[PDB]
Amino acid sequence: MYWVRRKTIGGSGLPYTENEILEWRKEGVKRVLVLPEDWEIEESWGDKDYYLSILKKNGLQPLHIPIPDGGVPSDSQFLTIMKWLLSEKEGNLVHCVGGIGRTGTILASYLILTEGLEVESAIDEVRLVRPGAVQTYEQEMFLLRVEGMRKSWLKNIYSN
Ligand code: VO4
């Protein structure tokens with residue numbers, strides 16, 4: 001795992017053992033945004049519900065928002081994601097399978113929204129700690145759209 005903004009938001013790949021989850025907890029992770037689809041989780045953990053129970057067992061509060069590999073959140077998903085990440089700001093981990101593409105896209109989105117960074121600046125800020133973050137054309141196009149609509153996203157996120 002890696003911190004983009006220390007003890008506020010970080011990223012990781014999909015754990016294959018409970019040991020890796022304990023390491024998250026030791027690093028200060030409190031909340032986990034789970035991005036892989038069901039089938040990706042069920043390959044390493046048997047059942048999605050079981051994986052999430054192991055997260056809770058280890059004191060982590062999870063939210064599952066499945067994004068296909070190489071893909072991006074839908075608009076409804078993104079609103080949910082950003083409300084989740086900004087509801088409780090400390091100790092947030094985001095993960096996909098590799099920890100690079102989907103994860104890198106959400107982290108970059110977070111910087112674009114909270115700090116007002118340009119897209120290229122946000123991508124490079126994530127690549128500092130996660131080389132190759134943000135992998136696909138669809139992901140880069142998504143980031144351009146978020147940056148262009150930053151004021152509108154913030155308004156919707158902070159409504160209610
Ligand atoms: O599971 V990922 O979006 O690093 O390819």
Side-chain angles (χ1 to χ4, degrees), residues 1-115 117 122-123 125-136 139 142-143 146 153-154 156-158 160:
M1 99 157 277
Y2 55 86
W3 291 107
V4 178
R5 291 291 180 266
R6 200 136 200 120
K7 309 327 190 63
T8 291
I9 199 163
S12 178
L14 173 71
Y16 299 158
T17 65
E18 202 174 346
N19 303 74
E20 294 180 67
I21 297 165
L22 270 306
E23 200 53 37
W24 295 351
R25 199 201 191 150
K26 183 238 91 193
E27 291 264 357
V29 179
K30 295 294 190 283
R31 310 170 84 227
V32 185
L33 178 58
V34 179
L35 302 181
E37 306 183 272
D38 274 7
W39 73 264
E40 288 170 311
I41 297 164
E42 291 176 336
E43 197 195 332
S44 290
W45 290 91
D47 167 78
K48 190 261 305 281
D49 290 349
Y50 178 66
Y51 172 60
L52 301 185
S53 84
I54 296 294
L55 294 180
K56 309 171 230 153
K57 192 175 73 74
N58 282 275
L60 311 180
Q61 321 249 27
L63 179 71
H64 186 209
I65 307 293
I67 303 178
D69 199 30
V72 304
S74 71
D75 282 359
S76 55
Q77 284 184 320
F78 187 56
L79 185 63
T80 301
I81 282 169
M82 290 302 307
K83 286 177 173 288
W84 169 264
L85 291 170
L86 298 170
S87 271
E88 319 248 32
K89 264 132 163 153
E90 319 287 353
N92 288 291
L93 177 69
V94 178
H95 84 78
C96 57
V97 175
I100 309 173
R102 285 171 282 188
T103 294
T105 298
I106 292 303
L107 296 174
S109 292
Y110 182 93
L111 294 179
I112 291 170
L113 287 178
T114 60
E115 302 187 2
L117 303 186
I123 294 174
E125 290 270 77
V126 178
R127 282 170 175 165
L128 260 279
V129 296
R130 179 58 265 186
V134 187
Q135 290 180 311
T136 71
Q139 290 167 352
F142 172 80
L143 293 178
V146 171
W153 278 117
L154 288 171
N156 298 324
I157 289 163
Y158 286 120
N160 310 303

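We count residues from 1, following the sequence as given. When reading the values below, keep in mind they use all heavy atoms of this one structure, side chains included, and skip hydrogens, waters and symmetry mates.
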**OP:** Could you go through the side chain to side chain contact (heavy atoms under 4.5 Å, CB included) check for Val34 and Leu55 one step at a time?
**Re:** CA-CA 10 Å; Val34 179; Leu55 294 180; 3.9 Å; yes

Original post:
Say you draw a straight line from CD1 of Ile157 to CG of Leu86; how long is it, rounded to the nearest 0.5 Å?
Top reply: 6.0 Å

Original post:
Got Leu63 and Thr80 here, is their nearest side-chain heavy-atom distance under 4.5 Å?
Top reply: yes

Original post:
In Å and rounded to the nearest 0.5 Å, what is the CE to OH distance from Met82 to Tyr158?
Top reply: 7.0 Å

Original post:
Checking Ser44 side chain against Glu40 main chain: does a donor-acceptor pair fall under 3.5 Å?
Top reply: no

**OP:** Applying salt bridge (charged side-chain N to carboxylate O under 4.0 Å, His left out), name anything that partners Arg25, two or more places apart in sequence or on another chain.
**Re:** none

Subject >> With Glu90 via side chain to side chain donor-acceptor pair (under 3.5 Å) - residues at least two apart >> reply: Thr8

Original post:
Should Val97 and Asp69 be marked as a side chain to side chain contact (heavy atoms under 4.5 Å, CB included) after you check the CA-CA gap, both sets of side-chain angles, and the distance that decides it?
Top reply: CA-CA 8 Å; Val97 175; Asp69 199 30; over 6 Å; no

Subject >> Over all atoms of both residues, closest heavy-atom pair of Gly99 and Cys96 >> reply: N-SG, 3.3 Å

Subject >> Qualifying residues under side chain to side chain contact (heavy atoms under 4.5 Å, CB included), relative to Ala133, sequence neighbours excluded >> reply: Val126, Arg127, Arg130

Show me the donor-acceptor pairs within less than 3.5 Å that the side chains of residues 107-114 make with the rest of the protein, sequence neighbours left out.
residue : atom : partner : partner atom : Å
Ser109  : OG   : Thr105  : O            : 3.0
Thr114  : OG1  : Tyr110  : O            : 2.8

Subject >> salt bridge (charged side-chain N to carboxylate O under 4.0 Å, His left out) against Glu37, all qualifying residues, sequence neighbours excluded >> reply: none

**OP:** Verify, without hydrogens or angle tests, whether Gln135 (side chain) and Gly70 (backbone) share a donor-acceptor contact under 3.5 angstrom.
**Re:** no

**OP:** Return the set of residues passing salt bridge (charged side-chain N to carboxylate O under 4.0 Å, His left out) with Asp38 (not counting sequence neighbours), or none when no residue passes.
**Re:** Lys48

Subject >> salt bridge (charged side-chain N to carboxylate O under 4.0 Å, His left out) partners of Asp75, counting only residues at least two apart >> reply: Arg145

Subject >> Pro36 to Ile41 - nearest heavy-atom pair and separation >> reply: O-CD1, 3.8 Å

Original post:
Please, which pairs that meet ring pair (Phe, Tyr, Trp, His ring centres under 6.0 Å) have at least one residue in residues 57-78, sequence neighbours excluded?
Top reply: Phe78-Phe142, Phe78-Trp153

Original post:
Are the side chains of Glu88 and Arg31 in touch, meaning some heavy atoms are under 4.5 Å apart?
Top reply: yes

Original post:
Nearest heavy-atom pair of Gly71 and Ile67: which atoms, and what distance?
Top reply: C-CG2, 3.7 Å

Original post:
Got a sec: does the CD of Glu43 have more than 12 other heavy atoms crowding it under 6.0 Å?
Top reply: no

**OP:** Determine, step by step, whether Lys89 and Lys7 satisfy the side chain to side chain contact (heavy atoms under 4.5 Å, CB included) criterion, reporting the C-alpha distance in whole Å, the side-chain angles of both residues, the deciding distance to 0.1 Å, and the verdict.
**Re:** CA-CA 9 Å; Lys89 264 132 163 153; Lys7 309 327 190 63; over 6 Å; no

Subject >> Set of residues satisfying side chain to side chain donor-acceptor pair (under 3.5 Å) with respect to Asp49, sequence neighbours excluded >> reply: none

Subject >> All side chain to side chain donor-acceptor pair (under 3.5 Å) counterparts of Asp47, not counting sequence neighbours >> reply: none

Subject >> Under 3.5 Å donor-acceptor, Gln61 side chain and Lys56 backbone >> reply: no

Original post:
What residues form a side chain to side chain contact (heavy atoms under 4.5 Å, CB included) with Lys57, not counting sequence neighbours?
Top reply: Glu18, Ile54

**OP:** Sequence neighbours left out, what pairs pass ring pair (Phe, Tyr, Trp, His ring centres under 6.0 Å) with at least one residue falling in residues 22-57?
**Re:** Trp24-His95, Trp45-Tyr51, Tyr51-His95

Subject >> Reference residue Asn92; test side chain to side chain contact (heavy atoms under 4.5 Å, CB included); the match among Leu85, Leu33, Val32 >> reply: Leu85

**OP:** Would you give the length of the straight line joining atom CE of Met1 to atom OG1 of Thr103, rounded to the nearest 0.5 angstrom?
**Re:** 10.5 Å

